[PDB]
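This document opens with one chain alone, in structure tokens, the form deposited in one PDB entry.
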């Protein structure tokens, strides 16, 4: 390429180098742009940012996030990563995409700029003819990246002093548990070490081993194994409680408070847009899509996520979402009838599980049933079901049989989906998002059958993902106009932040936009709650 002076022309492709991967924390080391066999390198990267109309290139969102941090409204535009991911969602890294589509991901801004332009040309040409993938790029993914940038740069408030106080309390409980565990073992050991614990449990206490680990074939000490051993020795229960507290303390209570950004006073995750096989987003550094909620200590941690003073959080969550999608994809009359009648599959399974009438099902009962409902849908074995519910094997077998016989077309849809996946080599969502599954043709049954479960799940989980993404795209401009904020997406859930005076109107609006995102053969319902913290905002 030929060196030309900064600034580049309009529509040029950017390349930039960060001191670290997280845009909210990085120093902008270098910045460059490329167009028309020219490369323009910027003397002063930060000042050079004021010269761009949009971030166009590999990882566009990240530079946009950094620009937003510095008070610059630089929106992300075309990004070759998005094109590659739509062509084949195994395209997840710039290193991989470069190797596959025509260059090398280096550590130099100018080469990265030239690389962005080359890759965009090639990938765009491969997208020609693919009208449905084109529709997803222009109407969903590309504008979505703008929305995600604003979400990352805005972040979410955390009650730091609360978490610190909670730490000290949980530290003391952990000490009680480990001390009791050592007493029962007769000696101390590293309780955090599953190799040491296995020896204690199965060699010293002579407990029966239940299962083996995958790669190394050791005797498993997982929660499920321990659960099976709960009656066998008093140490087991203590170990389960220890596992829960230390998981929560080391993963959330201790690290979160140290991640508060000095400028914003808030927590800033990254919303990774090309990271899953199904079209879901992922969240990292920190992951805020896996904040605890299910156990009492977990709920206490979730409370730490709060609104700015004078504002309220609004949480909206699609009802039974993948079941609704499955009703649309499969066309099962019975399943459609369920939703047109306003019924609840989770609640109904809960009624069976606990042996109570539908009217007498508490939220806890309904929620334990959700894990059962999807486990079965996506292929859980009778054996596992019987062990999870502590019922006889043949009772678990019966539940699974009735489950599919009551929704007769679901199995037909699965069979069609797999058949089509064998011929084409890929499966797709309602909007044409593809996932390649070559192992549908594998000659080893266990491999083929795992491939099959991956394959028929993808259209369902992926269609739900498409709907959520499209809804964020439609919702975002409305919120800006109302002076409200989009903070987090947790798969089928959105968390917003609204001025207290408008929290209610924002809630109503958001609900309507999400339920009407894309009319199906069944209604989409959204549960919405409002509160001063994340826990109270989901009731």
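Positions refer to the first chain, counted from 1. Take the two forms, superpose them, and find the largest set of C-alpha atoms that agree within 1.5 Å; that set is the rigid core.
Quick note: we don't show the form deposited in another entry, though the next part is all about it.
After superposing the rigid core, the C-alpha of residue 352 moves by 2 Å or more between this form and the one not shown.
Relative to the displayed conformation, the Cα-Cα distance from residue 352 to residue 521 shrinks by 3 Å or more in that other deposited form.
Relative to this conformation, an increase of 3 Å or more in the Cα-Cα distance between residue 534 and residue 362 is found in that other deposited form.
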